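Engineer: kindly return the folded structure for what I paste below:
(10 chains, ligands or ions: 9)
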Amino acid sequence: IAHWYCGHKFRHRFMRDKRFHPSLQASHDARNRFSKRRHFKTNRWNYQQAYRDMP
Amino acid sequence: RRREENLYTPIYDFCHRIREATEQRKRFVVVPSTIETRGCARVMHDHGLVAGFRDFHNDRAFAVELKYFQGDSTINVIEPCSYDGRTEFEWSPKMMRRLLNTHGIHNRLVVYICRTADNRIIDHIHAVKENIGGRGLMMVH
Amino acid sequence: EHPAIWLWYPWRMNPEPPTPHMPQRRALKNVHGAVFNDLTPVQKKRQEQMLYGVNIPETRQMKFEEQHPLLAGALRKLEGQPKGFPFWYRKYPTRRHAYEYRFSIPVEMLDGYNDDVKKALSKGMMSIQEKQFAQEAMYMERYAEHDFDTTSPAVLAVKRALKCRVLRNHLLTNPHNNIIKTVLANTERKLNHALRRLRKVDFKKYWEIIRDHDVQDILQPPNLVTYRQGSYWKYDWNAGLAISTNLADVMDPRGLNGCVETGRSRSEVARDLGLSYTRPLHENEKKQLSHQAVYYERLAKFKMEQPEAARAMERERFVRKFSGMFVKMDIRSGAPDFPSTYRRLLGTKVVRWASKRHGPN
Amino acid sequence: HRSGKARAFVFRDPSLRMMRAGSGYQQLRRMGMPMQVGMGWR
Amino acid sequence: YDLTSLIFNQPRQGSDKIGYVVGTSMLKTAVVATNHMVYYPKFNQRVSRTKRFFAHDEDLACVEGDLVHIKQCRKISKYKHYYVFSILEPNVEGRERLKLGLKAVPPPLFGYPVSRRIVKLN
Amino acid sequence: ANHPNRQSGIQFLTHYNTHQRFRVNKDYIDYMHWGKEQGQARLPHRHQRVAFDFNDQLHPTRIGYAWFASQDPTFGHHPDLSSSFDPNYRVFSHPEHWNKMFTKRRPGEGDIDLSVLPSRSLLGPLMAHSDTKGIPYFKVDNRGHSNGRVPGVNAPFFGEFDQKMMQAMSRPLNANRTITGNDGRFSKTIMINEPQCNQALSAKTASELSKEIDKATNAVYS
Amino acid sequence: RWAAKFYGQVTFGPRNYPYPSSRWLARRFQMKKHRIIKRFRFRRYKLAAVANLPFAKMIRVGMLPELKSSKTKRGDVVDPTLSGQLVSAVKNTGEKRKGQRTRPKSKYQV
Amino acid sequence: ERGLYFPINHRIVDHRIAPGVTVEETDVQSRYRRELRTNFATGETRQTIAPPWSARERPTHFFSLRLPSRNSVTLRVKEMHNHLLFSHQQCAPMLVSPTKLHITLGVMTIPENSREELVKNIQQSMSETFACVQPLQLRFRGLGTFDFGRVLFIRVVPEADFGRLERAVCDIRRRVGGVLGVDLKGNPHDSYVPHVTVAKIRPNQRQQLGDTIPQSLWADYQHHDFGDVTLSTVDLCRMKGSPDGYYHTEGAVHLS
RNA sequence: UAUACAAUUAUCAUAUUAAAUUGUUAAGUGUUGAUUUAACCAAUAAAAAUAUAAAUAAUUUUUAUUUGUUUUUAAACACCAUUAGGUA
RNA sequence: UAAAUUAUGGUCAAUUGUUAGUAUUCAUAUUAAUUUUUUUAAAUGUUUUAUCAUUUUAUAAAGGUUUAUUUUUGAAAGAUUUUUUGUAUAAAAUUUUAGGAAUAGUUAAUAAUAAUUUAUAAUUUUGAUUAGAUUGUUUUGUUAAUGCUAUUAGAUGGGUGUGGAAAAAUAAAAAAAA
Ligand SMILES: [Mg+2]
Ligand SMILES: [Mg+2]
Ligand SMILES: [Mg+2]
Ligand SMILES: [Mg+2]
Ligand SMILES: [Mg+2]
Ligand SMILES: [Mg+2]
Ligand SMILES: [Mg+2]
Ligand SMILES: [Mg+2]
Ligand SMILES: [Mg+2]
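Structural biologist: Residues are numbered from 1 along each chain as shown, chains lettered A, B, ... in the order given. Ligands and ions are numbered 1, 2, ... in the order given. Structure as follows:
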């Protein structure tokens, strides 16, 4: 591992690699991999009545 | 149980069952019953790495009988080719031919086992014989 | 007072409770984050109709009579007189099938007994759990394709719909047991599966389940992001019914396919066979289209009746063609996307565009 | 060392290491998989 | 090597795509979500990515949630190089929903994610 | 592994859905009261084991002697035929079944489920007693043994007992699976398999047996 | 929880060390955590997150011109309406009103 | 400046001109997007086209699905009439009377000499074709044109029992025109486009009314929904407007 | 400066197949007084017991839901301050 | 669910640090490089022609681009006279930054329309747009090896629009009509 990519430590490199790992990719189940936490608890106090046009 | 974890194959687990039941010196193992698994069993029983085996047309399982010699197993090591089912390793005829050669002497010691385009489970030596490439399963000696 | 202010003294583990306070009792969400304050009038009606009692439909008495006319003939002789041989057994193939009296006691078995006993096994005497099982069995029977069927999508969907309603009202009363919040959400997810499989199995039962129990809320695609990627429709590909439709009864297959050797689309071969597959239109599309059809009448009338205004505008267009950025139409001028293919112009040279991408690609 | 790299208990069978390499980048270039879109070596 | 090249013989790569129709807000334009494949030779394994296309369907046959076959063609407008070649699977359900005057599919409950906290009550 | 709750180790030779025994959420083990007869408390109970030792007995076939009539008149109950044997048998485990954690662990405390151990109370046999004889008299049930006609259990048993599994895994030496065999290092077993015809050899199968017999007999290590 | 359980890596021992943290190491980091928390207490720190604002960016309320401890440092610029409201919140947090849930009070909170 | 420099819709080569012309000699202008405007937009429909010899002679009799009383169709067409007449009352001679509404399943020329033999035979073969077919529930929405915008009609959407209809029609087609040689205006191996003719311009009218129904009238009803109808009754009819207030009917078959 | 983790068992912070939730009981007055504490000081002192079965396994909850901070002392113990109270 | 032979075939995979209780790819090793050394470049005036003109002579200045760059024969080749043909501008995939939020002469239909045509429009958390860095998809080094680690350079808007094609304002080492 060339020492100039990402942080000044090694583990920083592998921590960015995990954003490129094949089995780790974003999808309908695993989403918002890179910031999960900025979006957390965001709609708790947002009250949205669900959609019904059918009785 | 979760994402990062490996996705297991009834080959992976076949191998680790046999490994572990060889370590505890058991005479019988119950083992997952799919196609390439009992294929692998027949191949191993050909090469005399296993005392015998049977499929009862039980759906889940069939059973292998282990062989011991001079106080320890007949199996040094047995390892699956792939940790996942999401990874599929392809063996060129030349590679399988390399395995056979130990610095100029023909060496059949170790056995490697393949699927073929034809759905047969073979060792690498027959494969090399007819020059077919196949998908890797496991290696045992 | 204006917006919620959290206040956090950094030595303390967590902030102070914010601002004019959030509503004292936490809202009850569905699986998707939507909020229900209470059951809908319809669901409410389902619970009131479970509570006071249920009934076997004489649908079953009917089919019992037409299927096994002999047995129903025997019972027909024997009314009111105590029976030692249960002729009625065909009517109740399953233990679960008899819900009118407790512990699965068929009505006609109660003939020769005391009426105290008759009041002892009656509906009014059921526990609540028993009554739920009653509603469940009756519905499971309405949508079952044979008697012992459970696994089928329809049956599953109904049972899960009911269970979900029960848990819902339960949570309405006693607010915090998060065990059942969680069990509710899981039930809801499994209901979502059952329904989205139903509409590709047969859609009318799907419809009337939704109209009976009022669950349209768990069929609503959760969020725009994953919907836009076609992973809401992607579901029934996984479930394997994606091709299941069997066209020929609906939607004549002749105009659905393009021509392979010709290269003409399905709109084309449909055109040629003189057929129209056109989805029903809302007001937008009917209006846009109807406004488009008439461009040539309008134009014709314009250039006949009023040649001057026309000629002015034409002067504009004509001279314009000679002014402007490009006159020549080459690979540069004729770039369908200018800002995208030259991004390297965008900051310094070309000031028209603020961004390199206005569309999918 | 909780904070530090995972180590193998024993080595890896080298033979097997060569067997997993069949579809790797070099063998791909030799198969001619990637498209030659630019001038390349002179 | 994915499904698409499995079913089709393509004259040029990406000349054929199978997908689902997501949204029709534009007359004679069907948006289609479609998967393609990427290979990581280091890990010897594949991933499916997804991509949207604008398809030109003359005559508005498509409803949201149709499984369609899609082809490369004449440049039609700025972004549309694909046209709807064939409907593999129509939406029977969605069409019936339309006939009755309702939208083909219920609109998604939440929009895109936010870094804010929206306090909106009743 | 030194972590508590990871002590049960890695066993592959279990029947559970994980090879890591400590993630398995089904059966929590009990280190204090368990493992009298199985050795360690981690290891699977005798009736659940999927791997078998050389000089140890394997699982008894369940019945649920009439069928031995052709055998030695003296022969007692074959050691592997069991009246009551359950592969699914819940063994009482305190941390599961009697769980004292939310208490101060004083004498009566802890939560117990009674659905594990079979009831020794008198209440059951009193409450349910009836003039109508039991299930077996009434022959309520369909089916029977799930494998249909079974020589040990349903139908009569003829010929020989094989208590080691020697014939039960052998390899057919023949295209027809008529002649099967089992080989050791220096020994060779050739077993004629034709139970339907009373072991009468067909023309082909005999001309075959002459091949197997002398192939095995002219072998180098036999 | 918002704040951090630990400061630095408190479980560092050799693999299979059969505890989260040794006595020595945890003691070191309890020293570190102690100094930080003491700094927060004496400088009378205050933070806030506001609704309809980027949340991870927290206004430093202890640095506002009114509530500022230092008589020297220029505090910070926060909008006049939002600042008035923040001041009113910090102020009305202090004391226990009967009927409200009792919440822990300190010198340094004011 | 408000869009693409050369709008893609404006890029047009005319290959029906000539190789050297448009570079040097002269430039040819046209409004080319009237011609390109497609079959969905214009409302055209490709009907089975007649061979010339058959094209010469008038049609006499046709097959029709008879619409019951109390239709959704008839009602909505009546509303459509009212709206149309309030917009333009020049339509008044074009429009068909709501009493004459019927579905046209195919059109045919019968010579007047062999007339009785042919009606008997037809009626018989027709009764045999539809013996097994139970009533048909069909959907009507959308408009379309025959004969260069002279005939304006309501489409039959292939969303419903229509499928059966197509087999059914294609049977009589192979009997009536295939078996006993009869002039069906098309080829008996091709299927007719079923339709409800709403407005029409006949040869005599064409002088006062104009050569094509102006699309401004029916533009807004072009995609309008006329609804579902179940049909039990098939007719073979000779064309006379007078006799019943309906077309003179030479034969009938009941679907049940 | 470039130059090859693990995949059988690894302790600090990215959870996930789960059966809970709800129960109105107890305790209190005779009399002239050194109890508790290593030791001080305020000063009535007695007390709050019951539930199992059942809920099916997995596949698109990750902007949702969830991990010992809680109205009412005119009820105490307890704890903190010291005779004034706080808190419970 | 049987073995195999008419016997080495189908052409080489092979790992080299003297450490300091133990856990963890980390100082001193070799190979490759920079430290390191004038044996491969070069100077100005392009050239004909019918004369103040007209024919021939089309990608090395800088700016910093990651959903990005794409095209013809009408020039020459080119053969006998004159007409003579059609094929092209479009796409698909691969796209960086430790701690991540909105972007905008704007989509689609109409059409050689509309600085106010019509519409429930387009891009984004499957990570956009700005901003940082950076010359994109046969080139290297190390290695037994899935890897790790390089690869130069070259297309920077329009405004009498010439020319087949803008590649058109020093910086060749391309014989440019005897
Ligand atoms: Mg583009
Ligand atoms: Mg810029
Ligand atoms: Mg973690
Ligand atoms: Mg209180
Ligand atoms: Mg340059
Ligand atoms: Mg940039
Ligand atoms: Mg691209
Ligand atoms: Mg392009
Ligand atoms: Mg310029």
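Engineer: strands paired with the longest strand along chain G, and their directions?
Structural biologist: Counting residues, the longest strand found in chain G (DSSP state E) is strand G:47-50. On the basis of DSSP bridges, the sheet neighbours of strand G:47-50 come out as strand C:5-8 (antiparallel), strand G:59-60 (antiparallel).
Engineer: other residues contacting it?
Structural biologist: Here strand G:47-50 makes contact (C-beta atoms under 8 Å, 6 or more residues apart in numbering or on different chains) with C:3-10, C:15, E:117, G:55, G:58-62, G:82, G:86, G:89. (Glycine included, C-beta is placed from N, CA and C.)
Engineer: run the chain-centre distance for stretch H:169-184.
Structural biologist: 19 Å (C-alpha atoms, centre = their mean, to the nearest Å).
Engineer: that one: end-to-end distance?
Structural biologist: Length of stretch H:169-184, first residue to last, C-alpha to C-alpha, to the nearest Å: 12 Å.
Engineer: tell me the buried residues in that stretch?
Structural biologist: By 16 or more other C-beta atoms under 10 Å in any protein chain shown, the buried positions in stretch H:169-184 come out as H:169-173, H:175-177, H:182-184.
Engineer: helix/strand/coil for residue H:85?
Structural biologist: helix (DSSP: H, G, I helix; E, B strand; the rest coil).
Engineer: surely it meets residue H:91?
Structural biologist: Yes: in this structure residue H:85 lies within contact range of residue H:91 using C-beta atoms under 8 Å: 6.3 Å.
Engineer: for these two, indicate the residue with more neighbours.
Structural biologist: residue H:91 (18 against 13; other C-beta atoms under 10 Å in any protein chain shown).
Engineer: for the nearest residue to residue E:18 once chain neighbours are set aside, list each beta-bridge partner.
Structural biologist: The spatial neighbour of residue E:18 that comes closest, neighbours along the chain excluded (C-beta to C-beta, 6 or more residues apart in numbering or on different chains), is residue E:69 at 5.8 Å. When assigned by DSSP bridges, residue E:69 has beta-bridge partners residue E:18, residue E:86.
Engineer: can you tell me which residues in chain G are near chain A?
Structural biologist: G:55-56 (C-beta under 8 Å from any C-beta of the partner chain).
Engineer: and RNA strand I, is the longest strand of chain G touching that?
Structural biologist: No: judged by C-beta under 7 Å from any atom of the strand, strand G:47-50 makes no contact with RNA strand I; its nearest approach is 14.5 Å.
Engineer: C-alpha coordinates for that strand, CSV please?
Structural biologist: Taking C-alpha atoms only, strand G:47-50 is exported to CSV below (Å, rounded to 0.1, in the frame of the first residue of the first chain):
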residue,chain,number,x,y,z
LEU,G,47,-24.5,23.3,22.6
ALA,G,48,-27.7,23.2,20.6
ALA,G,49,-29.2,21.6,17.6
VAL,G,50,-32.1,23.5,16.1
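Engineer: redo the buried residues of stretch H:169-184 as a markdown table? Include secondary structure and distance to residue C:160.
Structural biologist: As requested, the buried residues of stretch H:169-184 are exported to a markdown table (DSSP: H, G, I helix; E, B strand; the rest coil; distance: C-beta to C-beta, whole Å):
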| residue | secondary structure | distance to residue C:160 |
| --- | --- | --- |
| H:169 | helix | 46 |
| H:170 | helix | 46 |
| H:171 | helix | 47 |
| H:172 | helix | 51 |
| H:173 | helix | 51 |
| H:175 | helix | 54 |
| H:176 | helix | 56 |
| H:177 | helix | 57 |
| H:182 | coil | 61 |
| H:183 | strand | 63 |
| H:184 | strand | 56 |
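Engineer: out of those, flag the one nearest to RNA strand J.
Structural biologist: residue H:169 (32.3 Å; C-beta to the nearest atom of the strand).
Engineer: pretty sure the closest one is touching residue H:105, no?
Structural biologist: Yes: Residue H:169 lies in contact with residue H:105 (C-beta under 8 Å); the separation is 5.5 Å.
Engineer: common neighbours of those two, please.
Structural biologist: H:63, H:192, H:194.
Engineer: closest to RNA strand I among those residues?
Structural biologist: So of the shared contacts of residue H:169 and residue H:105, ranked by how close each gets to RNA strand I (C-beta to the nearest atom of the strand), first place is residue H:194, at 40.4 Å.
Engineer: tell me who's in contact with the residue of the stretch 1-150 of chain H found nearest chain D.
Structural biologist: Using C-beta to the nearest C-beta, residue H:8 is the residue of the stretch 1-150 of chain H that sits closest to chain D, at 26.8 Å. Each residue near residue H:8 by C-beta under 8 Å, 6+ apart is listed here: C:336, E:75-78.
Engineer: can we see that at 10 Å?
Structural biologist: C:334, C:336, E:74-78, E:80 (C-beta atoms under 10 Å, 6 or more residues apart in numbering or on different chains).
Engineer: kindly indicate which of the residues you listed lies nearest residue C:290.
Structural biologist: Taking C-beta to C-beta as the measure, residue C:290 lies nearest residue E:77 of the contacts of residue H:8, at 21.5 Å.
Engineer: leaving out sequence neighbours, find the closest residue to that closest one.
Structural biologist: residue H:8 (5.6 Å).
Engineer: phi first, then psi, for that neighbour.
Structural biologist: phi -60, psi -30 (degrees, to the nearest 10).
Engineer: how close does residue C:59 get to chain B?
Structural biologist: For residue C:59, the distance to chain B (C-beta to the nearest C-beta, to the nearest Å) stands at 40 Å.
Engineer: I'd assumed residue C:141 was in contact with that residue.
Structural biologist: Yes: counting by C-beta atoms under 10 Å, residue C:59 does reach residue C:141; the two are 9.1 Å apart.
Engineer: comparing those two, which residue is more hemmed in?
Structural biologist: Neighbour tally, residue C:59 and residue C:141, criterion other C-beta under 10 Å: the higher count belongs to residue C:141, 20 against 10.
Engineer: the strand or helix carrying that one close to RNA strand I?
Structural biologist: In this structure, residue C:141 sits in helix C:128-143 according to DSSP states H and E. Yes: Helix C:128-143 lies within reach of RNA strand I by C-beta under 7 Å from any atom of the strand, at residue C:129.
Engineer: what helices or strands is the helix or strand just after that helix leaning on?
Structural biologist: Scanning forward in sequence from helix C:128-143 by DSSP H and E, the next helix or strand is helix C:153-173. On a contact count with 3 or more C-beta pairs under 10 Å, 6 or more residues apart in numbering or on different chains; DSSP states H and E, helix C:153-173 meets helix C:41-51, helix C:128-143, helix C:178-201, helix C:203-213.
Engineer: buried sites along the first one?
Structural biologist: Pointing back at helix C:41-51 there. C:43, C:46-47, C:50.
Engineer: any part of that helix near chain A?
Structural biologist: Yes: looking at helix C:41-51 against chain A by C-beta under 10 Å from any C-beta of the partner chain, the contacts come from C:41-42.
Engineer: so what angle separates the directions of the helix or strand just after that helix and helix C:128-143?
Structural biologist: Next in sequence after helix C:41-51, counting helices and strands by DSSP H and E, comes helix C:58-67. Angle of helix C:58-67 versus helix C:128-143, following axes from the mean of the first three to the mean of the last three C-alpha atoms, to 10 degrees, is 50 degrees.
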